[PDB]
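Enquirer: Provided herewith is a single structure, encoded as structure tokens, for subsequent inquiry.
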Amino acid sequence: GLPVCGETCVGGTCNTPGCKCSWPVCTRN
């Protein structure tokens, strides 16, 4: 639920395990 991945999923990518794409930002849970 938290954007603590340090990743944006603009292209639909989130590498950090637990990160979901809450476009355009990755949220870990």
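Here's how to read the names in the structure tokens: chain A, B, ... by the order shown, residue numbers from 1 in each chain, ligand numbers from 1 in the order shown.
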Quick one: residues within 10 Å of residue A:24, only C-alpha atoms counted, chain neighbours fewer than 4 positions away excluded, as an mmCIF file with N, CA, C and O atoms, in the first residue's frame?
Expert:
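Once written, around.cif looks like this:
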```
data_model
loop_
_atom_site.group_PDB
_atom_site.id
_atom_site.type_symbol
_atom_site.label_atom_id
_atom_site.label_comp_id
_atom_site.auth_asym_id
_atom_site.auth_seq_id
_atom_site.Cartn_x
_atom_site.Cartn_y
_atom_site.Cartn_z
ATOM 1 N N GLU A 7 10.012 3.262 -7.159
ATOM 2 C CA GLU A 7 9.792 2.915 -8.538
ATOM 3 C C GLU A 7 8.455 3.435 -9.008
ATOM 4 O O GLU A 7 7.476 3.477 -8.241
ATOM 5 N N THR A 8 8.411 3.817 -10.239
ATOM 6 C CA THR A 8 7.211 4.235 -10.867
ATOM 7 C C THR A 8 6.849 3.198 -11.910
ATOM 8 O O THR A 8 7.725 2.694 -12.617
ATOM 9 N N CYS A 9 5.598 2.887 -12.024
ATOM 10 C CA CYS A 9 5.176 1.852 -12.923
ATOM 11 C C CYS A 9 4.546 2.450 -14.168
ATOM 12 O O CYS A 9 3.573 1.931 -14.685
ATOM 13 N N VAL A 10 5.169 3.501 -14.702
ATOM 14 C CA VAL A 10 4.645 4.200 -15.883
ATOM 15 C C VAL A 10 4.579 3.239 -17.077
ATOM 16 O O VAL A 10 3.621 3.260 -17.862
ATOM 17 N N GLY A 11 5.568 2.374 -17.167
ATOM 18 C CA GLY A 11 5.610 1.381 -18.215
ATOM 19 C C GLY A 11 5.081 0.045 -17.727
ATOM 20 O O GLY A 11 5.145 -0.958 -18.432
ATOM 21 N N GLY A 12 4.547 0.042 -16.518
ATOM 22 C CA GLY A 12 3.986 -1.152 -15.938
ATOM 23 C C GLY A 12 5.022 -2.052 -15.304
ATOM 24 O O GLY A 12 4.904 -3.278 -15.368
ATOM 25 N N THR A 13 6.049 -1.478 -14.714
ATOM 26 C CA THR A 13 7.049 -2.282 -14.071
ATOM 27 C C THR A 13 7.240 -1.860 -12.618
ATOM 28 O O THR A 13 7.284 -0.675 -12.300
#
```
Enquirer: If we count only C-alpha atoms and set the cut-off at 9 Å, which residues sit around residue A:28, ignoring sequence neighbours fewer than 2 positions away in its own chain? Please answer as a ChimeraX atom specification.
Expert: /A:1-5,16-21,26
Enquirer: Apply DSSP to the backbone of this structure and, from chain A, keep only the residues in strand (DSSP E); write these as a PyMOL selection string.
Expert: chain A and resi 19-22+25-28
